[PDB]
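Here you'll find one protein chain in two forms, each presented separately as structure tokens under the names structure 1 and structure 2.
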Structure 1
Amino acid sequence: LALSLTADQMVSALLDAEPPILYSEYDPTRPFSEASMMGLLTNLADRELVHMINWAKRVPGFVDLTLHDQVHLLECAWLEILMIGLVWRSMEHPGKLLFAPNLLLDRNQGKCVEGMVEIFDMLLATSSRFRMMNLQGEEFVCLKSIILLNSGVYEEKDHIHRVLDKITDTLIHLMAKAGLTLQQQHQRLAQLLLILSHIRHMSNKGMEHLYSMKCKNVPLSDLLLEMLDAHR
């Protein structure tokens, strides 16, 4: 059924399934602390996870998969998906990361948490890259779906690959519609997918640091704790 979707129907499907932009519990009066900001991000991520799961079900081909396979893909891709989301909404905010409408931060405030500045700069660079490319929302939702299906795909792995091929066709269809030459289409498609390599990298570094402070004990919620264990 997901393979019977044309390019346009694929786009509208992904757009309609798009989760909302959630607010943080940021208190502009309360002084910042390493525990609180990470707490804010942890609290926000936990609420976004609920939307992401239901968003995942509306991604064409995902519900056709085995329950255990759905679980695996999400466990693998959840932080990548949160990051590309963050990066996307931060496009129109040069030098700043929009974690939430009420939580807009430059790198100086990222220094509040020890060592966050490294992953902060990578996210900024990614968002800057998207802005320079002038990434479209139609392209964004395709990329995010690719992450979900691709990140944990390594015995009827063929369906997933068939769906991934459909998303590729959808991306190309968008670029041809925007007036890009064949050479331009192939190059842009490549540029977009190469960024997914950096998003994977940022995810891995992120998980690493997350798993470290799980042992440091100093507010992870129960679904977020089971996500972390999937990487350890």
Structure 2
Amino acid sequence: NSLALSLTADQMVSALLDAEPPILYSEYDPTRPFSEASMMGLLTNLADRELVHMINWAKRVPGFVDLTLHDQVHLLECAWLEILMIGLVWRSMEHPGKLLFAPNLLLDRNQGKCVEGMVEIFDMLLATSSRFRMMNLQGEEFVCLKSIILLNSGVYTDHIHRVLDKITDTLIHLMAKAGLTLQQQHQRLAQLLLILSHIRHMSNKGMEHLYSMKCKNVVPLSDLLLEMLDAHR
């Protein structure tokens, strides 16, 4: 009874591409953040505005609409940080060694290593970006990956499974379209999906640090961010 499963591969790709949220900007102040207050201030600000675009993007992901409101809330609560991060590493691809949080906000590990901030997570994101770049990740593949994260991350907590299969078909469709052999297709599929385990890892680590930021209570957090963080505690 879900329309998602009736879509074709190209239809799914188009739906997802049309769903893509815009790339948002940070403040136009040109000072490069080296403190935690300043940097974390910019990240919370950015994440807040992105969460609104993400919420409306999610509703345009095929199959998501068919879920109960409660299931939608759960999936978003589970996957919001993963979705932001994979977006980050995506737009950071063409800037090796740097993290493009926004077009006007390009950070390096010297700002990251700069308290706390966290350099470990910073480095993880960079490695992920570099890997996406070396794989020559395509935009169409990226959108499929991001939607998988949305539907899968909170799944454990048939529709979702059947929808996830459709997205799998769509990824293979894209790879076949790119001229990849059968072996290259399933190898690239595995490579991409295994990246999701690390994205999960970074999200969990990031959530622990966001939680710390909350407790330190310096750097106020929006109600939405605290509720998204609460869901994890």
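Shifts are known only where both forms have a C-alpha. Note that the rigid core is defined as the largest set of C-alphas that superpose within 1.5 Å between two forms. Counting starts at 1 with the first residue of structure 1 and goes up one by one along its sequence.
Just a single entry of 42, 33, 191, 184 exceeds or equals a 2 Å CA shift between the two structures, which is 33 (rigid core superposed).
Its Cα shifted by 1.6 Å, residue 114 is compared between the two structures on a rigid core fit.
Displacement of the C-alpha atoms by 2 Å or more across three or more consecutive residues between the two structures, following core superposition, is confined to the runs 29-33, 111-113.
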